[PDB]
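Analysis of the macromolecular model
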2 protein chains.
Amino acid sequence: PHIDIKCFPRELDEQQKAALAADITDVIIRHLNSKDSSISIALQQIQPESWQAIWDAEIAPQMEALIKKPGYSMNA
Amino acid sequence: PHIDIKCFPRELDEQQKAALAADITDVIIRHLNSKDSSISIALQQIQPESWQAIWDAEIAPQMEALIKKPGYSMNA
Ligand SMILES: O=C([O-])/C(F)=C\c1ccc(O)cc1
Ligand SMILES: O=C([O-])/C(F)=C\c1ccc(O)cc1
């Protein structure tokens, strides 16, 4: 599986990115019956002013199918 | 944060989807210091014949930047 994480900017060093990836990996292995070798993970830091584009392209159109819906709304 | 999970087709029921979302949520809360309300999660099933397009758009061009690189390769 390929996991993409989008978030607002924060200071995250390589040890912190690796620890995040490890914990995501364990969850994916246990829930999707995956193998470590099949898992890839991207982390993309998006400035808050550009979050509306993520809402419009990714979040809102998929509201009917999201496995976890946001606790906020940004329809413009 | 917005998390997108792309994987091959699988039978997943409502309880399974919600448990996967909750384990992902807690990992994001731990590593990104996020609030529950800011987290959204998508699960997109991709047919195996369409995985090369995911590799070409999301994995290969971002290879060095990935926080977890794939153990497999589509360019051997
Ligand atoms: O959590 C994040 O870093 C983010 F990308 C977006 C977000 C969305 C809604 C909020 O209330 C807070 C942050
Ligand atoms: O894990 C998945 O469900 C997937 F979308 C692709 C994949 C990639 C490499 C593998 O070895 C197995 C599956």
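As shown above, the structure is provided for reference.
Residues numbered from 1 in each chain as written, not as in the entry; some residues may be left out. Chains lettered and ligands numbered in written order. Heavy atoms only, no water. Residues with missing side-chain atoms left out of burial classes, pairs and counts.

A word on the sheet that holds strand 2 (residues 40-45) of chain B
Where we set the bar: What makes two strands pair is DSSP finding at least two bridges between them. In this description a helix means any DSSP run of H or I spanning at least four residues, a strand means any run of E spanning at least two, and both kinds are numbered starting from the N terminus. To obtain an axis, a line is fitted to C-alpha atoms, over the contacting stretch when the element is a helix, and the angle between two such axes runs from 0 to 180 degrees between their N-to-C directions.
Taken together, four strands build an open sheet; the order of strands is 2(A)-1(A)-1(B)-2(B) and the sheet is mixed. This sheet does not close on itself; its edge strands, each paired only once, are strand 2 (40-45) of chain A together with strand 2 of chain B. If you compare each strand with its neighbour and ignore which way they point, the axes differ by 15° on average. Pairing of strand 1 (residues 2-7) of chain B with strand 2 of chain B, which is carried by six bridges, proceeds in the parallel orientation. Bridge assignment links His2 of chain B to a residue of strand 2 of chain B, and that residue is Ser40 of chain B.

Details of the relation of the copies chain A and chain B
The condition that has to hold: Each copy is placed on the others by a least-squares superposition of C-alpha atoms.
For the match of chain A to chain B, the screw axis carries a shift of 0.1 Å, the RMSD comes to 1.0 Å, and the turn is 179°. These values place the two chain copies in the arrangement generated by a two-fold rotation axis. Taking the C-alpha atom as reference, chain A places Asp4 of chain A closest to the rotation axis, 2.4 Å from it.

What to know about the interface of chain A and chain B
Selection criterion: Residue contacts are counted whenever heavy atoms from the two residues lie within 4.5 Å of one another. A quick way to say it: buried area is the sum, across both parts, of accessible area lost when two parts are put together, with a 1.4 Å probe. Here, a salt bridge means any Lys or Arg side-chain nitrogen found within 4 Å of an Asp or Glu carboxyl oxygen. Here a polar contact means two N or O atoms within 3.5 Å. Within protein one must be a hydrogen donor candidate and the other an acceptor candidate, and residues neighboring in sequence count only if both atoms are side-chain atoms.
Counting from both sides, the interface comprises 45 residues of chain A and, opposite them, 41 residues of chain B. Both sides together, the interface formed by chain A and chain B hides about 3700 Å², and carbon and sulfur atoms give 64% of it. In terms of surface lost to chain B, no three residues of chain A exceed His2, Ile67 and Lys68 of chain A, which account for 22% of the buried area on that side. At the surface where chain A touches chain B, the tally comes to three salt bridges. Across the pair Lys68 of chain B and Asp36 of chain A runs a salt bridge whose closest N-O atoms are separated by 2.8 Å. Applying the counting rule to chain A against chain B returns 18 residue pairs in polar contact. When residues of the side of chain A that touches chain B are traced back to their parent elements, those giving at least two are strand 1 (2-7), helix 1 (14-32), strand 2 and helix 2 (51-59) of chain A.

Some details on the environment of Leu20 of chain A
Within the fold, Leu20 of chain A resides in helix 1. As for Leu20 of chain A and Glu58 of chain A, which are separated by 38 residues in sequence, their C-alpha atoms are 22 Å apart. If sequence neighbours within four positions are ignored, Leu20 of chain A has contacts with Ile5 and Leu43 of chain A together with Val27, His31, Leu32 and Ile67 of chain B.

Some remarks on the site of ligand 1
Heads up, the rule is: We call a residue near a molecule or strand when any one of its heavy atoms sits within 4 Å of it. Residue exposure ignores everything except the shown protein chains as possible cover, and the areas themselves are Shrake-Rupley values with a 1.4 Å probe. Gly falls in the polar group here, along with every residue not listed as nonpolar (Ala, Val, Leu, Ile, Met, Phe, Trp, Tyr, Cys, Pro) or charged (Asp, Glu, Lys, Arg).
In the neighbourhood of ligand 1, the contacting residues comprise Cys7, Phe8, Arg10, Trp51 and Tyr72 of chain A together with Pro1 and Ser38 of chain B. What surrounds ligand 1 is not a single chain but chains A and B. Here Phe8 of chain A contributes a backbone N or O atom positioned 2.8 Å from an oxygen atom of ligand 1. Protein contact buries 75% of the 330 Å² of open area that ligand 1 shows by itself. Its residues assigned to classes, the shell around ligand 1 shows five nonpolar, one polar and one charged.

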